[PDB]
C-alpha cells in the first residue's frame, strides 16, 4: 500500500490497521478529491484525501447526542506542515476545512499544500438545538460538552489529525500551525497555555480569552444604554437599538477623529495613537469639528450634537462593568473611528450590531441584549445553566445583578465540576514551555471590536511581558486601528498572518511589521490603502513625504 495514495486514504476508513490515539474514533468518510480549479472566491485546491468522522459519540445528561466531529484534508503533494483553523461563535458547525487563515485572504492553507483539520467543538447546531435552552447554545446543559467546547475537542482532533498524517505520509509533520479569530483566538491562546507542544505557531485574532465575562460586559452595556433608549419591544424592554441612530454614531466617530486622528502626525481617518486618544477624548466636552461647537447638546437634540443622556450612556458602557465595591469585572473599551464610518451611503454596522443592534427595527437584535452572546452567557457560561424562553433574554440582561450574577462564571454545581472560567478562559501568562520549545504567537485585534476589548488583549500582553521579560522574542501583538470584529471597518483589516508565522517558527525571523490593506478603502475615498501593522506598543508613523495610502511611506515606531 503506497503512501500519499488513493489506497492509503481509503485504508483509513474497518478491521484495517489505523491506530487512533482515542479508541472511540469513527471514520465516516475517506475520499480521494481531484485538484479543484481557482474560482472568483477561492484559490485552486490540490488533489487530496478527505477524512471526516467523530470522536467519543455518547449521550449527554440532557438526553441529546454528542460527538467531536472533525474533517481532515491531506494533499497528495504535501509541504510537511500541519494546520488547524479555529472556530467562531459557540462553534457547532463543521467547515469545509481547507484551512482559513482569516484576514480576508483568498488562499486557504490547503491551497499551499498544508494538511488541514477543523472541528465543530463537540456539538452540532443541527442536532443540539433545544428550543427550551435558547437554541444552538443548548450544549451548555451537558457538562462534558462544555469541557469539549473549552479545551478537549481541540486536543482530541489535533492528536487524531497528527496520527492520520503520520500513517498517510509515513512521517510526522515537521511543524504544526493553528490560526483562529474570536472564539478561534481563544482556542489559540488556550493551546499555548494548556497544550504547549500541540502547535509550533499560533495566530490568535481578537481572542475571547475571557469569553465568559462577555455576557457581564453585555448586561452592563445594555443597562448603560437603556436610559437613551426610545420606545419598548413586545416584552416591555427598552429598544437599545434606538439609543443611537447611524448618523449619531457617525458624529461620535467624527468627534473622535477631530481630537485623535492627528495625534500620529497625519490626518487620514485613522487613529494610530490609540493611547494618546484615550487620554485626550471625552464625549462630554469634545468639539464636533464641523460646526466648532460642543459635541454634547446644550439645548434640544439636533443632527449635529448628541444629548447628555446619550453621552452618559456611551461613557458608562465604554468604562466597563463594576460591582457595588467598584471592582472592574472585565475592562474598558477604546474610543476609535471604527465605531462608525461612511462608504458611499453605507453606514458601518460592524461596531453597533454588538451592543445596540439595527436602528431600523421594532425589536432588540443586539448580540449582547437578546442575541447569541447573551444566550451563550446564560446557558453555556453561568453554572448552573439558566435555560429560559428566547423572549425573556433581553429582560434578563436588564435585571442582571453585578454582585450575584458574575459569581456564576467562577462557580461549580452538581455535575458541572469545572467553572466556565476553568474550561473556557485562557488567562494564564505561563507560556515558558511554549516559548522554550520554539513556539511563536502572533496576536492581532481590531481597535473597534465590540465583541472583545482590544485594550483587554493589550493588558494580557502587558501581563505576559511582566511575567516573562523578553516576551517579544516569541509573542507579538498587532493592534489594528479602525478594524471591527476579526474584519471590517475603516482600517487595514486584511493581511497574510500565515507567511510571517511560518518565517518566525522556521527561520527565527520576528515580524517587525506585517503589511495590511483595507477591505473597504471606500471609507477613506481611495481605490487602495496599504499600511504596516506594528508590534505593540509601536504604531504606524508617516515618514514626512509620499502617498498616504502607500505602506513604504510608513515606519513602525514608539509613540511621540
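Here the rigid core means the biggest group of C-alpha atoms that line up within 1.5 Å when the two forms are laid on top of each other. Numbering follows the first chain given and starts at 1.
Core superposition of the other structures onto this form places the C-alphas of 35-43 farther off in 7 other deposited structures of this protein than those of the other stretch among 35-43 and 499-507. In the other compared entries of this protein that model both flanking residues, residue 545 has coordinates in every one, well short of a third left out. In the other compared entries of this protein that model both flanking residues, residue 14 lacks coordinates in at least a third of them. Missing deposited residues between residue 13 and residue 14: 1 to 3, all without coordinates in the entry.
As the entry records it, the average C-alpha temperature factor is higher for 132-140, out of 132-140 and 83-91. Here 175-183 and 481-489 are compared by their mean Cα B-factor, and 481-489 comes out higher. When the Cα B-factors of 159, 111, 358, 457 are read from the PDB record, 358 comes out highest. Highest C-alpha temperature factor among 448, 152, 427, 364 per the entry: 364. Compared with the other modelled residues of the chain, the Cα B-factor recorded for residue 246 ranks in the highest third. Sort the chain's modelled residues by C-alpha temperature factor and residue 536 lands in the lowest third, per the entry.
For residue 354, the recorded CA temperature factor ranks within the middle third of the chain's modelled residues.
When the CA B factors of the chain's modelled residues are split into thirds, the value for residue 148 lands in the lowest one. Looking at the C-alpha B-factors along this chain, the one for residue 324 belongs to the highest third.
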